[PDB]
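Colleague: Input: one structure, supplied below.
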Amino acid sequence: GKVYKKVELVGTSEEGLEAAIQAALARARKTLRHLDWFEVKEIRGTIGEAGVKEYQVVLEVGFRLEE
Amino acid sequence: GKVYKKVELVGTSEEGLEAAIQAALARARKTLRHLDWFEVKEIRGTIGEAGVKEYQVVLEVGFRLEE
Amino acid sequence: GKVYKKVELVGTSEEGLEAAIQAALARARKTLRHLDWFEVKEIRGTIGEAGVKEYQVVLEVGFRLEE
Amino acid sequence: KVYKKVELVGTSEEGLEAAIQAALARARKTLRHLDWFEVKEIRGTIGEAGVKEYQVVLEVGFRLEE
Amino acid sequence: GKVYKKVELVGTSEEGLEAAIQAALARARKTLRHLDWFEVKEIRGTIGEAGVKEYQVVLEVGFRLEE
Amino acid sequence: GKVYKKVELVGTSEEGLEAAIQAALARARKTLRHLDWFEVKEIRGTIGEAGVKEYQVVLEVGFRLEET
Amino acid sequence: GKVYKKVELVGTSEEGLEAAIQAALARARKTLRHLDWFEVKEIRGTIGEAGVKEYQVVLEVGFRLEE
Amino acid sequence: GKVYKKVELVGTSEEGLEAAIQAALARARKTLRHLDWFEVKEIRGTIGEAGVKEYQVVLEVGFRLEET
Amino acid sequence: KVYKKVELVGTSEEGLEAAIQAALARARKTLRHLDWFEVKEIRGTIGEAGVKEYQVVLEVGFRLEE
Amino acid sequence: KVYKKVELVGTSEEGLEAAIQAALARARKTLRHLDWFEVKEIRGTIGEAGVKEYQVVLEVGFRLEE
Amino acid sequence: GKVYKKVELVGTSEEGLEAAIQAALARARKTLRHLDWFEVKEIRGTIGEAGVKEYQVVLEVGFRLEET
Amino acid sequence: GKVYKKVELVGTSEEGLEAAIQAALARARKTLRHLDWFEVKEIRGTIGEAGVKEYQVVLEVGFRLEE
Ligand SMILES: Cc1cc2nc3c(=O)[nH]c(=O)nc-3n(C[C@H](O)[C@H](O)[C@H](O)COP(=O)(O)OP(=O)(O)OC[C@H]3O[C@@H](n4cnc5c(N)ncnc54)[C@H](O)[C@@H]3O)c2cc1C
Ligand SMILES: Cc1cc2nc3c(=O)[nH]c(=O)nc-3n(C[C@H](O)[C@H](O)[C@H](O)COP(=O)(O)OP(=O)(O)OC[C@H]3O[C@@H](n4cnc5c(N)ncnc54)[C@H](O)[C@@H]3O)c2cc1C
Ligand SMILES: Cc1cc2nc3c(=O)[nH]c(=O)nc-3n(C[C@H](O)[C@H](O)[C@H](O)COP(=O)(O)OP(=O)(O)OC[C@H]3O[C@@H](n4cnc5c(N)ncnc54)[C@H](O)[C@@H]3O)c2cc1C
Ligand SMILES: Cc1cc2nc3c(=O)[nH]c(=O)nc-3n(C[C@H](O)[C@H](O)[C@H](O)COP(=O)(O)OP(=O)(O)OC[C@H]3O[C@@H](n4cnc5c(N)ncnc54)[C@H](O)[C@@H]3O)c2cc1C
Ligand SMILES: Cc1cc2nc3c(=O)[nH]c(=O)nc-3n(C[C@H](O)[C@H](O)[C@H](O)COP(=O)(O)OP(=O)(O)OC[C@H]3O[C@@H](n4cnc5c(N)ncnc54)[C@H](O)[C@@H]3O)c2cc1C
Ligand SMILES: Cc1cc2nc3c(=O)[nH]c(=O)nc-3n(C[C@H](O)[C@H](O)[C@H](O)COP(=O)(O)OP(=O)(O)OC[C@H]3O[C@@H](n4cnc5c(N)ncnc54)[C@H](O)[C@@H]3O)c2cc1C
Ligand SMILES: Cc1cc2nc3c(=O)[nH]c(=O)nc-3n(C[C@H](O)[C@H](O)[C@H](O)COP(=O)(O)OP(=O)(O)OC[C@H]3O[C@@H](n4cnc5c(N)ncnc54)[C@H](O)[C@@H]3O)c2cc1C
Ligand SMILES: Cc1cc2nc3c(=O)[nH]c(=O)nc-3n(C[C@H](O)[C@H](O)[C@H](O)COP(=O)(O)OP(=O)(O)OC[C@H]3O[C@@H](n4cnc5c(N)ncnc54)[C@H](O)[C@@H]3O)c2cc1C
Ligand SMILES: Cc1cc2nc3c(=O)[nH]c(=O)nc-3n(C[C@H](O)[C@H](O)[C@H](O)COP(=O)(O)OP(=O)(O)OC[C@H]3O[C@@H](n4cnc5c(N)ncnc54)[C@H](O)[C@@H]3O)c2cc1C
Ligand SMILES: Cc1cc2nc3c(=O)[nH]c(=O)nc-3n(C[C@H](O)[C@H](O)[C@H](O)COP(=O)(O)OP(=O)(O)OC[C@H]3O[C@@H](n4cnc5c(N)ncnc54)[C@H](O)[C@@H]3O)c2cc1C
Ligand SMILES: Cc1cc2nc3c(=O)[nH]c(=O)nc-3n(C[C@H](O)[C@H](O)[C@H](O)COP(=O)(O)OP(=O)(O)OC[C@H]3O[C@@H](n4cnc5c(N)ncnc54)[C@H](O)[C@@H]3O)c2cc1C
Ligand SMILES: Cc1cc2nc3c(=O)[nH]c(=O)nc-3n(C[C@H](O)[C@H](O)[C@H](O)COP(=O)(O)OP(=O)(O)OC[C@H]3O[C@@H](n4cnc5c(N)ncnc54)[C@H](O)[C@@H]3O)c2cc1C
Ligand SMILES: [K+]
Ligand SMILES: [K+]
Ligand SMILES: [K+]
Ligand SMILES: [K+]
């Protein structure tokens, strides 16, 4: 039947988790078609003078392949 | 001693992670008593024209059983 | 063929590990029939003035579903 | 929407798909809005002729009424 | 020495597990050369009116990279 | 009380998953006694010109050991 | 070369996940130097009349050791 | 240097966890040499009319192999 | 509130509970506000009479002073 | 910034580091802004003289162009 | 079809990781046949006055079993 | 009986894996007594102009606690 592919991306944001996820999805849309779902694999980040410097959300993005 | 039960629910929200968690907990309260804690097992979601379509947070909800 | 169900319970006891497991199984028997096996998922607990206060054993209890 | 996941173990002497079908058929007896499943484990018992009973442990997700 | 690459695909089929796996490998062959092995990561699916609707097998496909 | 042992085998077959599992169990039967249960640890395989070449199912086979 | 140490902390907040993470990082800065990165290990929490009572984020905080 | 081997056994006992572990170690001693350490992999069991029927502790037993 | 988790390995020739008690007793010597523990691993050494030393690896959580 | 992670398996008859270097060298052929790697698995093949080929499965992270 | 078996061994060496892996494979060769692949499960070791004393690599060794 | 403690360190080195492990153990010895064993949790690193820049080995170091 249909076949999907999953790519692993890492979105980042200085503001929050949702923002980091949205950033990765927005970049994905630039070159990928038929984006369907995502799975968060890891949540990490860097530390700076303001506490969190960058939130880094590692996720798998699943999209349908064309035939 | 006391015995607790853990049920697995999936809360969803178009707005964010916390909202999805709160949605699952609110639904849990409708039929379950003595809700005590929760554990997030997975964070995933669907993708749409606005990026994230639905955030889906899979969690275990622990509550005390009556004797 | 036959179908079984697994429920997740957390047995607790101030006596010890075995007692915590037994507490969960005793409560399970109150509303579940055809209890067959259990699987320990986690062993944890609270700390008191002189050591372990309450042992908490998270387990899955498997039982056969009726007709 | 809020979904719930229950854990069932389907069994069958025939094969993996049959074991999964057995669990879903029983789920349907009392659960509405069945949507997806996830296989957690595949195991089974052994007899003189090899596999006696195939056992598929799965999580079944369904939408809760609101 | 040689270097291989692994891509993550989700093969789907309404026929069964093997068919889902075969669907993923058939699509992989369309754009990937020197396909060598696969590893199943997850088996899941959707539910229909009378049982499994679509089987979905998440797998990693390993292939040798060219010069 | 009783003690069981678990051996890890990889059954293979060009036919399918069930056939691969059965191949491992058939082999275990040649030199082991009291085979009771199995647990699938991994499912993988090789690829050929027609898709799956060989299905490979990694499993643990549990059997009862004879009493002292 | 350089050597880092990782400590496990649990930040809490009644308001959200990011707030809980920031709380742990702020406490870490009180006694630790050279804070560099963090990794979320678990997200859980307590339940109250308002739904979530306390969000609890378990994280590893990595920092460089001095020589 | 030295090489060790690990075997997987499931000790059982109606008495408790420690007893189940001891049962597996006692059995390992019958045919193995240089038993050094063990690691509990899983704790499970069967259920009877009075709660736990049989405790089952799955463990890996590590032992030293004789030098070449 | 902010908590910290440390990893200790309690040991005892007696049993699992005794091993856990040993780790908690040592934790109490230098750590305040001990609240909970989580068993990470259960292992041990072997002697001529079976278990020599039971070893319980656990994480101990305690509240940090503010 | 947004990064991407690809999974490669480097191999070498020499050792672990050489296997890792092999994967990174191939990655560099088509991927820009290579930043970090994570070893997922270490395995290999066996021959008459022991290890034939060391195989290191790793994830390679790189920054995507914006 | 064909069936393989996997044994778990811990190779050790004061020299390094590769040497530890090689030690386990050399030992496996003494009593096993058709050794085909290995998988590292864990890397650990002991500590001495000069840092690492003994490297210990836990691995699974897969080999083909003879046909029925 | 005896009680041991495990600390998590990340040894780094531009020389190789063993060197990274040795760096962590050398630093550990500076403030920890009765060092006994170590367990590798992760192997990772940074990438430079011609390959691995810095190897980073995350490990747990176990040592015996004193009276
Ligand atoms: C392994 C697996 C895991 C899954 N996990 C989840 C989960 O966690 N939650 C969940 O709710 N569902 C999940 N799904 C279901 C998934 O999100 C889809 O609903 C399902 O796979 C059906 O997809 P499709 O065939 O319609 O693909 P689609 O890609 O939806 O099919 C064509 C559609 O693509 C749209 N499209 C075209 N260009 C683009 C573009 N550039 N970007 C985006 N869309 C575009 C078109 O408008 C068209 O309607 C999962 C599926 C699989 C296989
Ligand atoms: C395996 C396990 C994991 C845990 N993990 C955590 C954790 O991550 N974080 C943490 O802080 N604690 C955790 N706990 C502790 C837990 O949250 C409780 O504080 C503890 O178990 C004591 O619960 P209880 O017996 O007071 O139950 P309770 O259910 O609190 O006992 C009775 C109480 O129920 C209340 N109640 C009645 N009806 C309802 C209702 N409909 N909804 C809600 N409450 C109602 C009553 O007002 C009454 O005070 C965990 C406990 C276990 C066993
Ligand atoms: C995924 C899976 C994992 C398993 N893991 C293990 C394991 O770790 N260890 C192990 O040893 N086995 C394990 N088993 C086997 C299991 O424990 C059973 O032996 C097996 O599933 C067969 O169960 P059954 O059909 O006989 O069920 P049963 O529940 O034994 O069938 C009905 C029985 O229930 C009794 N019963 C029900 N309610 C009552 C009551 N109120 N009062 C008195 N009697 C009552 C009846 O008298 C009757 O004999 C596992 C099975 C599966 C499917
Ligand atoms: C955590 C999570 C993981 C997911 N994983 C996957 C995945 O792996 N693959 C994938 O493809 N999708 C996956 N999904 C998506 C899922 O399959 C659904 O498509 C999605 O959740 C939307 O469901 P719904 O609200 O339409 O529910 P539905 O349950 O579809 O809504 C009501 C439907 O129930 C039917 N119904 C109720 N009772 C009966 C009955 N007795 N007999 C027949 N029909 C009946 C009605 O006819 C009606 O159409 C996932 C979703 C979540 C939240
Ligand atoms: C990390 C890892 C894990 C592995 N896991 C397994 C496992 O689970 N099971 C197992 O059995 N093996 C496994 N292997 C082994 C693997 O399957 C290969 O046998 C091994 O890597 C050697 O591959 P190769 O260099 O011969 O590649 P190949 O891809 O076999 O080399 C080139 C071949 O590709 C053919 N080819 C390419 N494109 C086409 C085309 N379009 N039409 C026709 N022919 C074409 C050529 O004719 C040529 O013979 C694994 C290997 C690694 C590195
Ligand atoms: C850790 C653990 C996990 C388990 N998981 C499961 C599970 O997933 N599912 C489940 O249903 N049960 C499971 N069990 C239960 C198991 O399958 C047994 O039913 C139970 O342990 C009782 O075994 P026994 O003492 O009767 O052993 P045995 O005496 O070995 O039982 C009789 C068995 O011996 C075999 N046998 C007899 N003679 C021979 C011979 N000459 N050659 C080869 N075989 C022979 C028979 O075919 C039969 O299966 C589990 C048990 C344990 C301890
Ligand atoms: C195992 C591992 C995992 C990693 N994971 C990630 C990741 O997920 N994401 C990522 O982006 N990077 C990650 N890194 C990289 C990490 O964040 C650093 O960028 C890198 O390790 C270099 O650190 P450093 O030597 O400069 O240390 P630094 O501590 O940055 O070196 C000295 C610096 O400390 C500053 N400093 C002094 N006092 C304090 C204080 N009290 N609090 C804070 N800073 C102070 C000084 O101003 C000075 O510039 C990881 C590194 C390792 C080893
Ligand atoms: C991967 C790994 C993990 C480890 N994990 C742990 C751990 O969790 N905890 C820990 O404390 N140590 C652990 N160890 C250390 C281990 O227990 C040994 O102390 C160490 O490996 C040194 O062993 P050895 O070379 O002295 O072996 P051996 O020569 O096997 O040591 C002497 C042992 O032989 C036994 N023995 C002698 N004759 C016989 C006989 N005739 N029949 C049966 N047994 C006999 C003795 O009872 C004694 O235990 C681990 C080692 C490795 C490699
Ligand atoms: C990530 C996480 C996981 C959790 N998991 C669980 C779980 O599995 N089970 C569960 O039941 N709960 C669990 N909890 C809840 C936990 O046990 C506490 O109930 C909760 O964190 C609230 O702690 P507190 O702020 O009251 O701290 P406390 O430390 O209880 O506050 C101060 C207390 O310290 C005592 N104290 C300080 N020094 C000493 C001393 N030397 N001797 C004696 N007493 C002393 C004081 O008497 C005082 O009562 C968890 C919490 C978190 C954050
Ligand atoms: C999820 C995650 C995990 C991480 N884990 C770790 C970790 O384990 N350890 C750690 O230390 N850090 C880790 N990091 C941090 C990482 O290594 C980077 O330091 C960080 O992501 C910042 O990268 P950058 O934006 O500067 O990208 P860069 O790619 O460094 O930015 C552009 C650079 O690319 C170079 N470049 C491009 N093409 C070529 C070419 N062909 N040849 C040579 N140079 C070229 C340019 O010269 C330029 O300097 C992690 C980061 C994330 C997001
Ligand atoms: C679950 C699984 C995982 C795998 N993972 C990998 C992987 O990670 N990487 C990879 O490259 N391949 C992997 N393989 C492939 C594997 O290494 C084999 O290439 C493949 O299974 C084919 O084996 P065979 O049937 O030729 O066996 P065999 O007949 O065993 O193959 C010949 C082998 O026998 C050995 N041999 C012959 N005579 C002797 C003797 N007298 N003493 C000792 N040894 C002798 C040779 O040295 C040679 O290696 C995997 C296979 C499976 C089933
Ligand atoms: C959970 C667990 C896991 C284990 N895993 C392994 C494993 O993977 N491999 C393995 O082989 N073993 C393993 N072990 C065994 C471990 O390495 C020890 O051999 C065992 O715990 C016994 O330790 P001990 O009590 O002798 O401690 P020790 O620390 O050996 O006791 C005190 C010793 O420290 C020395 N010392 C302290 N500071 C200094 C100093 N500054 N200068 C000189 N000497 C100093 C003293 O001279 C004295 O001999 C494990 C043990 C446990 C509990
Ligand atoms: K958030
Ligand atoms: K099948
Ligand atoms: K006990
Ligand atoms: K090395």
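We label chains A, B, ... in the order they appear in the structure tokens, count residues from 1 in each chain, and number ligands from 1 in the order shown.
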Using only C-alpha atoms, find which residues of chain K lie within 6 Å of chain H and jot them down as a list in words.

Modeller: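 So the residues of chain K near chain H are residues 8, 9, 10, 11, 12, 13 and 24 of chain K.
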
Colleague: Restricted to N, CA and C atoms, what would the selected residues look like written as a PDB file, in the first residue's frame?

Modeller:
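Final output, saved to again06.pdb:
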```pdb
ATOM      1  N   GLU K   8      26.389 -15.090  24.609  1.00  0.00           N
ATOM      2  CA  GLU K   8      26.839 -13.838  25.190  1.00  0.00           C
ATOM      3  C   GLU K   8      28.144 -14.061  25.941  1.00  0.00           C
ATOM      4  N   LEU K   9      29.167 -13.321  25.530  1.00  0.00           N
ATOM      5  CA  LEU K   9      30.497 -13.411  26.118  1.00  0.00           C
ATOM      6  C   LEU K   9      30.987 -12.036  26.516  1.00  0.00           C
ATOM      7  N   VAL K  10      31.906 -11.996  27.470  1.00  0.00           N
ATOM      8  CA  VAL K  10      32.489 -10.735  27.891  1.00  0.00           C
ATOM      9  C   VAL K  10      33.980 -10.869  27.654  1.00  0.00           C
ATOM     10  N   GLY K  11      34.492 -10.141  26.672  1.00  0.00           N
ATOM     11  CA  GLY K  11      35.917 -10.200  26.417  1.00  0.00           C
ATOM     12  C   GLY K  11      36.579  -9.116  27.241  1.00  0.00           C
ATOM     13  N   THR K  12      37.782  -9.375  27.734  1.00  0.00           N
ATOM     14  CA  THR K  12      38.486  -8.358  28.510  1.00  0.00           C
ATOM     15  C   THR K  12      39.920  -8.210  28.024  1.00  0.00           C
ATOM     16  N   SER K  13      40.488  -7.042  28.291  1.00  0.00           N
ATOM     17  CA  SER K  13      41.862  -6.749  27.918  1.00  0.00           C
ATOM     18  C   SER K  13      42.305  -5.480  28.620  1.00  0.00           C
ATOM     19  N   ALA K  24      37.324 -12.130  23.170  1.00  0.00           N
ATOM     20  CA  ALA K  24      36.091 -12.904  23.221  1.00  0.00           C
ATOM     21  C   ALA K  24      35.941 -13.764  21.970  1.00  0.00           C
TER      22      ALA K  24
END
```

Colleague: Neighbours of segment 35-52 of chain D within 6 Å (only C-alpha atoms; same-chain residues fewer than 2 positions away dropped), as a list in words?

Modeller: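 These residues fall inside the cut-off: residues 13, 54, 55, 56, 57, 58, 59, 60, 61 and 62 of chain D; 43, 44, 45, 46 and 47 of chain E; 25, 36, 37, 38, 39 and 40 of chain F.
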
Colleague: Could you pull out the strand (DSSP E) residues of chain K from DSSP and send them as JSON, numbers by chain?

Modeller: {"K": [3, 4, 5, 6, 7, 8, 9, 10, 11, 12, 13, 35, 36, 37, 38, 39, 40, 41, 42, 43, 44, 45, 46, 47, 48, 51, 52, 53, 54, 55, 56, 57, 58, 59, 60, 61, 62, 63, 64]}

Colleague: Which residues come within 9 Å of segment 52-57 of chain H, counting only C-alpha atoms, excluding same-chain residues fewer than 4 positions away, as a ChimeraX atom specification?

Modeller: /C:18,21-22,25,37-38 /F:1,3 /H:9-21,24,40-48

Colleague: Ligand 13: which residues are within 9 Å, counting only C-alpha atoms and all ligand atoms? Reply as a list in words.

Modeller: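 Taking only C-alpha atoms and all ligand atoms into account, the residues around ligand 13 at most 9 Å away are residues 16, 17, 18 and 19 of chain A; 16, 17, 18 and 19 of chain B; 16, 17, 18 and 19 of chain G.
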
Colleague: Residues up to 8 Å from ligand 1, counting only C-alpha atoms and all ligand atoms: could you list those as a PyMOL selection string?

Modeller: (chain A and resi 2-4+29-39+62-65) or (chain B and resi 44-49+54+56) or (chain E and resi 10-12+42+44-45+56-58)

Colleague: Let me see the file: selected residues, C-alpha atoms, as a PDB file, in the first residue's frame.

Modeller:
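Written file, again37.pdb:
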```pdb
ATOM      1  CA  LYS A   2       1.115   3.542   0.711  1.00  0.00           C
ATOM      2  CA  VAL A   3       4.659   3.989   1.984  1.00  0.00           C
ATOM      3  CA  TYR A   4       5.841   6.741   4.303  1.00  0.00           C
ATOM      4  CA  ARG A  29       7.726  21.897   4.503  1.00  0.00           C
ATOM      5  CA  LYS A  30      10.304  23.762   2.402  1.00  0.00           C
ATOM      6  CA  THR A  31      11.487  20.574   0.692  1.00  0.00           C
ATOM      7  CA  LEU A  32       9.178  17.750   1.751  1.00  0.00           C
ATOM      8  CA  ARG A  33       5.651  17.001   0.580  1.00  0.00           C
ATOM      9  CA  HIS A  34       2.761  15.192   2.240  1.00  0.00           C
ATOM     10  CA  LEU A  35       3.871  15.872   5.820  1.00  0.00           C
ATOM     11  CA  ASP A  36       1.588  13.836   8.073  1.00  0.00           C
ATOM     12  CA  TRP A  37       2.843  13.308  11.629  1.00  0.00           C
ATOM     13  CA  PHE A  38       5.740  13.808  14.017  1.00  0.00           C
ATOM     14  CA  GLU A  39       7.183  12.039  17.051  1.00  0.00           C
ATOM     15  CA  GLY A  62       6.667  11.187   8.807  1.00  0.00           C
ATOM     16  CA  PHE A  63       5.470  11.977   5.298  1.00  0.00           C
ATOM     17  CA  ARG A  64       3.927  10.013   2.446  1.00  0.00           C
ATOM     18  CA  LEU A  65       6.130   9.103  -0.514  1.00  0.00           C
TER      19      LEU A  65
ATOM     20  CA  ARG B  44       3.679  13.265  19.016  1.00  0.00           C
ATOM     21  CA  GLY B  45       1.197  14.947  16.734  1.00  0.00           C
ATOM     22  CA  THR B  46      -0.291  15.517  13.311  1.00  0.00           C
ATOM     23  CA  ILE B  47       0.848  18.031  10.714  1.00  0.00           C
ATOM     24  CA  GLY B  48      -1.324  20.419   8.738  1.00  0.00           C
ATOM     25  CA  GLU B  49      -1.183  23.672   6.785  1.00  0.00           C
ATOM     26  CA  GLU B  54      -2.853  18.456  16.780  1.00  0.00           C
ATOM     27  CA  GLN B  56      -0.949  14.384  21.087  1.00  0.00           C
TER      28      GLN B  56
ATOM     29  CA  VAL E  10       6.818   2.787   7.021  1.00  0.00           C
ATOM     30  CA  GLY E  11       5.366   0.194   4.701  1.00  0.00           C
ATOM     31  CA  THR E  12       1.608  -0.234   4.799  1.00  0.00           C
ATOM     32  CA  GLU E  42       7.545  -1.150  15.061  1.00  0.00           C
ATOM     33  CA  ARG E  44       1.187  -1.096  14.319  1.00  0.00           C
ATOM     34  CA  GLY E  45      -1.915  -0.291  12.339  1.00  0.00           C
ATOM     35  CA  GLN E  56       1.888  -0.457   9.234  1.00  0.00           C
ATOM     36  CA  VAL E  57       5.435  -1.706   9.674  1.00  0.00           C
ATOM     37  CA  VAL E  58       8.131   0.803  10.561  1.00  0.00           C
TER      38      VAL E  58
END
```

Colleague: Assign secondary structure with DSSP using the backbone only, and return the residues of chain I in helix (DSSP H, G or I) as a list in words.

Modeller: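 Checking each residue of chain I, the helix (DSSP H, G or I) ones are residues 16, 17, 18, 19, 20, 21, 22, 23, 24, 25, 26, 27, 28, 29 and 30 of chain I.
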
Colleague: Can you work out which residues from chain A touch chain J at a cut-off of 8 Å (counting only C-alpha atoms) and hand them back as an mmCIF file with N, CA and C atoms, in the first residue's frame?

Modeller:
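Contents of result_33.cif, as written:
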```cif
data_model
loop_
_atom_site.group_PDB
_atom_site.id
_atom_site.type_symbol
_atom_site.label_atom_id
_atom_site.label_comp_id
_atom_site.auth_asym_id
_atom_site.auth_seq_id
_atom_site.Cartn_x
_atom_site.Cartn_y
_atom_site.Cartn_z
ATOM 1 N N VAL A 7 11.964 11.239 8.589
ATOM 2 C CA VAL A 7 13.243 11.938 8.653
ATOM 3 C C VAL A 7 13.404 12.481 10.070
ATOM 4 N N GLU A 8 14.645 12.540 10.540
ATOM 5 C CA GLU A 8 14.919 13.035 11.881
ATOM 6 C C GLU A 8 15.478 14.448 11.802
ATOM 7 N N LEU A 9 14.772 15.374 12.438
ATOM 8 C CA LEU A 9 15.165 16.775 12.444
ATOM 9 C C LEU A 9 15.298 17.264 13.875
ATOM 10 N N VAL A 10 16.001 18.372 14.046
ATOM 11 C CA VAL A 10 16.142 18.966 15.367
ATOM 12 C C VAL A 10 15.766 20.427 15.234
ATOM 13 N N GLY A 11 14.628 20.785 15.811
ATOM 14 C CA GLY A 11 14.190 22.164 15.766
ATOM 15 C C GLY A 11 14.732 22.877 16.986
ATOM 16 N N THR A 12 15.021 24.167 16.857
ATOM 17 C CA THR A 12 15.518 24.920 18.001
ATOM 18 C C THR A 12 14.737 26.210 18.171
ATOM 19 N N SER A 13 14.705 26.693 19.409
ATOM 20 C CA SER A 13 14.020 27.933 19.745
ATOM 21 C C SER A 13 14.536 28.467 21.072
ATOM 22 N N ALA A 23 9.348 25.150 14.362
ATOM 23 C CA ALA A 23 10.478 25.532 13.514
ATOM 24 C C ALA A 23 10.932 24.360 12.640
ATOM 25 N N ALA A 24 11.022 23.177 13.234
ATOM 26 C CA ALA A 24 11.435 22.005 12.474
ATOM 27 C C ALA A 24 10.408 21.678 11.386
ATOM 28 N N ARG A 27 10.619 24.099 8.449
ATOM 29 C CA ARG A 27 11.764 23.839 7.584
ATOM 30 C C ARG A 27 11.485 22.603 6.739
#
```

Colleague: What gap, in Å, lies between atom CA of residue 34 of chain I and atom 29 (O, counted along the ligand's line) of ligand 9?

Modeller: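 Going from atom CA of residue 34 of chain I over to atom 29 (O, counted along the ligand's line) of ligand 9, I get 5.1 Å.
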
Colleague: Give me, as a PDB file with C-alpha atoms, in the first residue's frame, all polymer residues having an atom no more than 6 Å from residue 12 of chain J, counting only C-alpha atoms and skipping those fewer than 4 positions away in the same chain.

Modeller:
```pdb
ATOM      1  CA  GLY E   1      36.108   0.907   4.136  1.00  0.00           C
TER       2      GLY E   1
ATOM      3  CA  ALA J  18      38.693   4.089  11.526  1.00  0.00           C
ATOM      4  CA  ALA J  19      35.120   2.889  10.985  1.00  0.00           C
ATOM      5  CA  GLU J  53      35.031  -5.880   9.583  1.00  0.00           C
ATOM      6  CA  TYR J  54      34.223  -3.464  12.415  1.00  0.00           C
TER       7      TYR J  54
END
```

Colleague: Mind giving me the straight-line distance from atom 10 (C, counted along the ligand's line) of ligand 12 to atom CA of residue 66 of chain G in Å, one decimal?

Modeller: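 For atom 10 (C, counted along the ligand's line) of ligand 12 relative to atom CA of residue 66 of chain G, the distance reads 28.4 Å.
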